[PDB]
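Student: Can you keep this structure in mind? I'll have questions shortly.
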Ligand code: CLA
Ligand code: CLA
Ligand code: CLA
Ligand code: CLA
Ligand code: CLA
Ligand code: CLA
Ligand SMILES: CC1=C(/C=C/C(C)=C/C=C/C(C)=C/C=C/C=C(C)/C=C/C=C(C)/C=C/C2=C(C)CCCC2(C)C)C(C)(C)CCC1
Ligand SMILES: CC1=C(/C=C/C(C)=C/C=C/C(C)=C/C=C/C=C(C)/C=C/C=C(C)/C=C/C2=C(C)CCCC2(C)C)C(C)(C)CCC1
Ligand SMILES: CCCCCCCCCCCCCCCCCC(=O)O
Ligand SMILES: [Fe+2]
């Protein structure tokens, strides 16, 4: 009989049951989305978007509902922290419920198409055989895609009839859903310009409508129909998989590097923001400005929003996880409660020292303190017998400005070392590790998990493209080569042109 | 009746010609002192 | 050690004390093992590429071979004609005995050296 | 529970060996 | 500068030498391809 | 005590190992190349501490 | 095969299986659009890559304001 | 040892679900013969 | 709620094992 | 089993072959030699000579640290060797 | 407007076109001259 | 019968080196990748990107020469010759690491050309395209290691450099920083490569030692004819041998040769997946249960905890010289060391 | 309406069963340590 890896080939010449299978697949995927949303709703804590945002909590579909304008629950909270909202029907819950109802309706349509497979629509009127006119179907579907792409850009993203999309400032402090005007100039190809996303869907939408009309009205050339086996539904599978893995690589990249469509309040910071000290520079910028305007050290640091300080912490860096460290980031370093303040280290001569920050590559890292010129002035030694730079010898102390420990100074060496060990991670936070029984080991963010899964699927779908493309072009020999293959045809010299029997010498 | 210049001729000399040139350059390098 | 992590321990310590990566006999071992995997995949793909059509598309092609049948189940000349054009003619075997001896000798000699 | 799980799987593989060897599909010539 | 021609001169002479010894035979090859 | 420094290495599943970390640990460096069959040990407990099973296997 | 009301309406949309335009048809025109799209993808890639740098195109989060 | 509690059910379904699939297919093959 | 953690696996196997038994017997009935 | 090109064995045992290549091969070898012995290879590729890895009292690597000023950085390094 | 890197882009675009165009010019010429006999 | 068909005719002529349409992509890209590597390993330094000598001109030998990656400061720049970094200067382009992307990118397109070649020749000759399909495994390895892996990291600097010792460095980096030996996708790769090599040796030896006597000479190679219909060795005797030696044996020649395709291809695909994970530092670095126990119980020691001590040594001792752009200064007193050593 | 003609029997021979069970059991043996973590 059929081998196990071929059971679904029974659909190749059965358009009705093919549609039934595709309906069942669509029912399952919509049902997943509804089920995942409800699970995330049942486990999400909305009480602190500053230190316990969604991306600390292992939320995966919640950010995608938020990205397109769903921000509130029927329970009265919203993800921006506003209370008393009435979102109407299109709450997180109502979106979830819609996908479940959609899944049920699709399930029933799958049954009907499975039973009533022999529809006259699927028969070639001339020959009576099942046949699909794939060139024209492409034009129809493409026209539809173009209408939807255009409508999505023109009505939803602009706010002309819809909510807009998530936009934010460059430091992810004040994001919200806002209508977005198209950017038509060259900065619309800037991945960080949200207006470009609007212009893309309007312009590409129109091009899709035009190309759709072309592909409905104009038959493919005989040369291309034969070369691409356009009578074989499997050529479509082959090219569709190629387009899909191309798309998967793109969304992996933009998730990892960041773009206007992967904001940091929904997915967490990127690793490159740690690499380039992106948030630390902005924080320093503000402290120096408060100092220029005459505020004191305590005042300048106390004006630093905790949300911005929390970005300057390596535990939110997505490149600090592990493959089998499961669950939300909160399960690792804990639920963040409060910024402890900015730690300032000085030696016994009053020189300000700086802790060398941990780079993302390192699971562990030594504690080394430097001066403004990069000279090592203190460390925690491994071998003690010949240590020159110990905290004890150098009289290192720590003082905190802003946050919970503002204005407190510590001098006892083991306490000072304890904060120095935390300062390699960036800004220092107070964590609740009891509530989730956190184990103290960094996990990655939804930005990390998304990128990982999609880059791996993309690679695997590359093989699918190769496989089904091979099957399309070599369909005649899938079961084996010709048992009467001419030995003169594979031996050298017989034919001038390889494989061409009419070029015999 | 054999041709002299062929696709084969080109592929051969595409490889062989810079190989000998590289071997002379590497041979000269053995006599460099610091 | 008789264990998985213990094996890696042995390896790491071996490299620190012998620089085995920089030893040519280990380098020959890698070529024996990389090349063995290569020629395994090559030979399997070339024979599989030239199986004579004996089944329908609803059945495993494997049922085209019967245990102990007297004729070969693939066309070696078609395999030779494909691979000799992929490289050039004289880089391809058309003696099955020579080919299978090469398949045996390459990873055996490579692994002798790394031993 | 994890010790029990590792040994269980190992024991299943040994039993599979037994059937694979002594209760194989017998190769029949031609 | 001058080192470039120094490097290139043996190659020119080699190519020039090869052209001389093969010129009559390349003639038959070319024009006989009609 | 693989290295003969009275620092035993846990190798087995019941003493806190998984399939990846578990091992039968090599015999003590204090033994060197000496033959260490069961009947050379004062007791099985000695023979297990010193890594006797490795040699047998 | 079973006829349906909806089937009869959609019938002409699935009635030209195998119909081709002769020879090469619009293949030259297609190649032109392919060439333009390639150049267009190159520009988009090299902007993102900072290999193509344009005035007033700051490829950075700081282009959010 | 403090191991992941879901590891057990994960392992059991990982074994049980694909094995049962294979067993179903085999037994129904034999009864065709 | 502080439930018994082995309850999930006990329930899962309670469903799966006899269900699979029945399905095996049913599919091989239909193919003969 | 032949595609019409002249057999290699026939070519390299032929007198005319060795008449041409006993010249072309030493010329190419001598050319490559001069590429190095004149110092041209250092200049083309930018490869430091034994005396120009470091300035005399310097022990810092001239590591490129800017992407878009990289070219200028290398040039600044090079002037500090004279 | 026309930055240095945009000029380099055009430089690179032009060079590839030249390489591609020259390459296909030679291949078409040879293929015309040395046809197969049917 | 226009220019296209005439060009098709010429490209597909049976000659000593088949060209084809795929040759147009393959031959330039393969030659340039190969010539780039030879040019770089003969003449080009890594002083300005790595602080390393790496060419025969500088005194390196075949084991230590390399075309090294660009400086970390280049990010993932394509480093085009005409790009904003090199600005058309060939000399500076070499000094900034442009030959690395040159070779990696032309190598990538060369790999595509070769796999297209496998398809093209298979279609012309009339065989099934499984050799092409098998070549997907080398491609997945090349792209995941040389392209995807550095794209997830800070720059090309951390890709592999094209050299013998530089790849050895890459192996040891992955042990010390990723604990890559502990990764089950690598372990499946290992089983596929060693299993492939096993299959290669055992199948070759089996055929050669179940040969039929088809000639009288003591050299058995001469007694085979590529057009003979008959099997040159006994499947039946081979099957009985292995059944009695090992318990099981192959009985189906088609399955055997498919399996030989299947094992090493699948192994390489699996290792590629694990390197995609390592692009994000999504490592299988630790076992949490072991770390919890070991932190609380200083008498608990496994080969797992012993290997992490080795990784920690690797990191501290190689990082300053291996990542010179970070300007790591580790005073002697912070270096992890056991007693005496 | 005729019964669907595209239906086909499916087979898994005993050797395939043995190969598949060994794959699953060895995969489980390999991954279980990481599931427990
Ligand atoms: C005014 C017109 C206008 C404007 C402003 C935009 C604006 C935009 N377009 Mg749209 N576009 C338009 C018209 C417009 N478009 C029209 C008319 C069409 C034709 C219908 C398109 C077709 C189009 C496509 C096909 C794409 C865009 C994309 C984009 C975005 C570019 C920024 C980005 O993230 O790129 C990021 C994308 C890239 C830099 C391309 C990367 C290409 C890779 C490198 C190819 C290699 C793939 C390879 C197989 C990977 C494997 C190897 C690797 C792993 C090593 C931006 C929103 C891109 C997008 O959606 O990104 C999210 C995109 O892919 N546009
Ligand atoms: C009326 C239809 C409808 C609507 C309004 C929504 C709305 C939503 N869905 Mg649901 N969904 C639906 C149908 C719908 N869904 C169906 C039918 C399925 C089953 C497949 C799903 C399955 C589903 C899943 C699995 C998930 C959602 C999610 C979401 C949310 C985010 C959407 C998003 O990010 O899109 C993303 C947009 C895209 C992927 C579009 C990219 C398309 C590519 C770029 C184009 C492909 C090529 C194209 C044809 C070429 C055009 C050429 C050009 C020239 C025009 C949002 C609330 C997410 C969520 O939060 O769930 C709770 C989520 O995870 N949906
Ligand atoms: C694209 C898919 C995707 C992504 C990126 C995420 C991402 C996330 N999910 Mg979601 N999820 C998804 C799909 C996805 N999910 C689906 C389909 C389901 C239903 C099963 C769920 C159900 C779900 C739940 C119930 C929970 C999450 C949670 C989470 C978070 C933690 C993930 C974690 O610990 O990973 C762990 C991942 C691994 C350990 C990797 C396992 C992959 C194995 C190793 C591969 C096996 C290889 C195989 C043997 C190959 C051999 C082949 C050979 C024979 C040829 C994270 C934000 C958690 C959370 O924090 O929620 C608040 C949570 O509790 N998810
Ligand atoms: C839209 C995507 C798509 C579609 C519609 C198909 C459709 C098909 N494939 Mg292709 N394929 C794809 C993607 C796709 N494939 C990809 C990405 C790859 C690379 C991994 C392949 C590799 C591939 C091979 C190598 C073969 C096929 C074959 C087939 C045919 C029979 C498949 C069958 O009976 O499976 C039966 C499968 C099962 C009974 C169980 C499989 C369970 C797997 C191992 C894991 C379980 C997956 C899980 C349930 C859901 C994962 C969802 C995740 C993707 C999000 C059918 C036409 C076969 C063929 O050509 O036959 C002539 C064949 O030999 N496919
Ligand atoms: C099949 C051949 C092939 C392929 C695929 C590549 C591919 C590549 N090369 Mg290589 N190269 C080749 C042959 C090839 N090369 C040859 C033969 C040489 C010797 C001359 C070189 C020498 C070379 C160098 C020196 C460099 C590359 C580089 C590159 C990369 C960037 C190229 C680029 O941006 O193109 C852009 C151009 C195109 C894609 C051409 C598009 C043409 C279309 C049809 C539009 C034409 C419109 C045109 C402008 C109209 C004319 C206008 C006029 C009237 C004014 C890429 C990987 C760079 C690299 O690797 O950096 C790391 C690099 O520095 N190449
Ligand atoms: C028992 C020992 C053992 C074994 C069998 C393996 C096996 C493997 N290792 Mg692992 N490794 C080991 C120990 C071992 N390793 C240890 C102890 C470490 C330390 C942590 C590592 C670290 C390690 C790393 C860091 C990597 C591997 C990788 C791999 C895979 C390499 C696949 C391959 O062929 O790439 C060969 C390369 C290719 C196939 C790419 C394309 C090659 C093209 C076709 C070349 C064409 C060249 C051209 C024709 C001309 C060249 C000629 C020129 C010489 C002049 C393979 C699964 C790699 C991997 O997992 O990849 C995903 C990888 O990156 N290993
Ligand atoms: C009938 C009906 C109804 C109902 C419906 C329902 C109720 C539905 C449901 C649905 C659902 C509720 C669904 C679900 C789904 C799910 C799914 C479909 C999932 C999947 C999963 C997967 C696929 C996964 C996988 C994996 C794993 C497991 C591991 C890791 C990795 C991965 C990810 C791969 C209503 C009333 C409406 C209406 C009327 C009719
Ligand atoms: C990059 C580049 C380029 C290119 C270049 C090229 C392409 C080059 C080539 C080059 C080459 C092409 C080279 C070669 C070399 C070679 C050599 C160097 C060899 C050596 C050898 C040896 C040493 C060996 C020996 C031996 C042994 C050991 C054993 C056996 C025997 C024998 C004898 C073989 C261009 C221009 C575009 C421009 C841009 C850049
Ligand atoms: C589709 C195929 C496209 C690939 C074509 C390869 C491009 C050929 C490379 C030729 C570029 C070399 C000259 C660049 C010199 C630029 C110097 C300068 O900007 O001053
Ligand atoms: Fe064989």
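Each residue's number is its place along the chain shown, starting with 1.
In case you wondered, yes, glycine gets a Cβ from its N, Cα and C as well.
Okay, these came from Swiss-Prot:
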- A:1-15: topological domain 'Cytoplasmic' (TOPO_DOM)
- A:16-36: transmembrane segment (TRANSMEM)
- A:37-93: topological domain 'Lumenal' (TOPO_DOM)
- A:94-115: transmembrane segment (TRANSMEM)
- A:116-133: topological domain 'Cytoplasmic' (TOPO_DOM)
- A:134-156: transmembrane segment (TRANSMEM)
- A:157-195: topological domain 'Lumenal' (TOPO_DOM)
- A:196-217: transmembrane segment (TRANSMEM)
- A:218-232: topological domain 'Cytoplasmic' (TOPO_DOM)
- A:233-253: transmembrane segment (TRANSMEM)
- A:254-449: topological domain 'Lumenal' (TOPO_DOM)
- A:450-472: transmembrane segment (TRANSMEM)
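Burial and contacts for the listed features, if you can.
Tutor: Here the topological domain 'Cytoplasmic' (A:1-15) has long-range neighbours at 21, 117, 122, 130, 132, 233-234, meaning same-chain residues at least 6 beyond its ends whose C-beta is under 8 angstroms from one of its own.
Sequence-distant neighbours of the transmembrane segment (A:94-115) (same chain, 6+ residues past either end, Cβ-Cβ under 8 Å): 16-17, 19-21, 23-24, 26-28, 30-31, 33-35, 37-38, 41, 65, 70, 74.
Residues 66-69, 71, 80, 201-202, 254, 257-261, 263-266, 269, 279, 282, 305, 307-308, 311 of the same chain, all 6+ positions outside the topological domain 'Lumenal' (A:157-195), place their C-beta atoms under 8 angstroms from a C-beta of that stretch.
Same-chain residues lying 6+ beyond the ends of the transmembrane segment (A:196-217) with a Cβ under 8 Å from its Cβ atoms: 135-136, 138-154, 157-158, 165, 180-184, 187-190, 260-261.
Sequence-distant contacts of the transmembrane segment (A:233-253) (same chain, six or more residues past either end, CB-CB distance under 8 Å): 12, 132, 134, 138, 450-451, 454-455, 457-459, 461-462, 464-465, 468-469, 471-472, 475.
Same-chain residues lying 6 or more positions outside the transmembrane segment (A:450-472) and placing a CB less than 8 Å from one of its CB atoms are 60, 229, 232, 234-235, 237-239, 241-242, 244-245, 248-249, 251-252, 255-256, 267, 318, 444, 478.
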Student: Near the topological domain 'Cytoplasmic' (A:218-232), which same-chain residues lie under 8 Å Cβ to Cβ, leaving out any that are not at least 6 residues past its ends?
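Tutor: Those are 134-135, 472-473, 475, in sequence order.
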Student: May I ask for the residues of the chain that lie six or more residues beyond the topological domain 'Cytoplasmic' (A:116-133) and have a Cβ under 8 Å from a Cβ within it?
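Tutor: Residues packing against the topological domain 'Cytoplasmic' (A:116-133) from afar: 13-17, 20, 233.
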